[PDB]
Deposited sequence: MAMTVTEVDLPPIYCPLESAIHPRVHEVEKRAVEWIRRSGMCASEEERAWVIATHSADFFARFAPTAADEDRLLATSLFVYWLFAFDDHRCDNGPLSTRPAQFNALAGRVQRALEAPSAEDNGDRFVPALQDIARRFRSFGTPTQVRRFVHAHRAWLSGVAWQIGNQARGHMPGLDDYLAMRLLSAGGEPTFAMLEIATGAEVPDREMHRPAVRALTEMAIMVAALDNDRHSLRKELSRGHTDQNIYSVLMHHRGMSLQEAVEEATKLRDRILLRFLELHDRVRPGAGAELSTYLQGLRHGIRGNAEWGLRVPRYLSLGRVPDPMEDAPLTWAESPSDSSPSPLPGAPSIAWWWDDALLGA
């Protein structure tokens, strides 16, 4: 119901329409889609538009295209029993890490191995490893989500946020920023806990803005209605306060970290911000005047009570 708090930079790659054209071509020739109907559904995600908002100045069009292809792949992959899914997650992950892996008629594997080949031609082995690890973390979150559903386990807030941090696909999406820009972030800066907390907070906000398409009954609203005995409206109210409070922490930690940051880490952080805005904006649009909340619905500087898995995001002692 209420308008989104997002005081972050909005921009989109100027060559977005050219990337999109090539991406529609790759989707058609990729084998990942059985019928015309399924290819139109994938094309209709507008994933080139989505990702062009994450890396709006990427110098290499090919880089943007490759990264964009994976966002199309991820929406096509998302669209299985836990036991089979755990095997499928293992095979798909192996194919990403081993080019000699063979498809065995699985329609997703050749397409991901084509994305991986492209990533290997542009990115350092280091950047490829970051993407590989982010990819496994997303697959873990999806395995967790499919598990809860098969059992009829509605997770509490803490488990839901931990799981949705992985299952929403934000880890692999944000790990593509460097591959798209070419700006290699040194280990010493990338793995600073402060930078990990910023990455996870960007991911968590994009995930909660995606949930907002209550229009998978494992979502923040279901979780709060089931565990707090709230109505839908009391839960939309409570979800917005949680989310706004996370993005308020992100802006605060970002302003403490940005000043000292080198060129490559600065580009990456601008990416986090472009991606949070891009994610909210793309969700609302998929050129109408959009209204944005000028102010957060909850301004508390404190950790979320009930969510101890994310409280370290607020512990400055632990982030230095």
The answer, as deposited-sequence ranges with no C-alpha, is 1 to 9, 89 to 97, 234 to 241, 313 to 326, 361
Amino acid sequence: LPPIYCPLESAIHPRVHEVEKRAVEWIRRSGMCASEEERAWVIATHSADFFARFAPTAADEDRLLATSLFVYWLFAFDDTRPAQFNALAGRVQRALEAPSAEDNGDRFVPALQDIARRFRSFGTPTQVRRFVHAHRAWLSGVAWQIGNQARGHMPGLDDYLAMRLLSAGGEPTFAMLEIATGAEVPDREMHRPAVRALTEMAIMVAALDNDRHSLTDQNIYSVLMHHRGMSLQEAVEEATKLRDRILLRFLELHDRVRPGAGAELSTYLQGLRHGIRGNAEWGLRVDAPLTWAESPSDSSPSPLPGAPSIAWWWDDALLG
From here on, numbers count along this sequence of modelled residues.
Taking only the CA atoms, which stretch has the higher mean B-factor in the record, 36 to 44 or 54 to 62? 36 to 44
Which wins on mean Cα temperature factor, 288 to 296 or 264 to 272? 288 to 296
Selection by C-alpha B-factor (highest) of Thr199, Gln113, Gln93, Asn104: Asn104
For the C-alpha B-factor as written in the entry, point me to the maximum among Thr181, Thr124, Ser214, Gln145. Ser214
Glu237's Cα B-factor: lowest, middle or highest third of the chain? highest
For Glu171, return the chain-relative third of its C-alpha B-factor as stated in the PDB record: lowest, middle or highest. lowest
Comparing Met225 with the other modelled residues of its chain, is its CA B-factor in the lowest, middle or highest third? highest
Would you mind ranking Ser30 by its C-alpha B-factor against the rest of the chain and naming the third, lowest, middle or highest? highest
Thinking about Cα B factors across the chain, which third does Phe250 belong to? middle
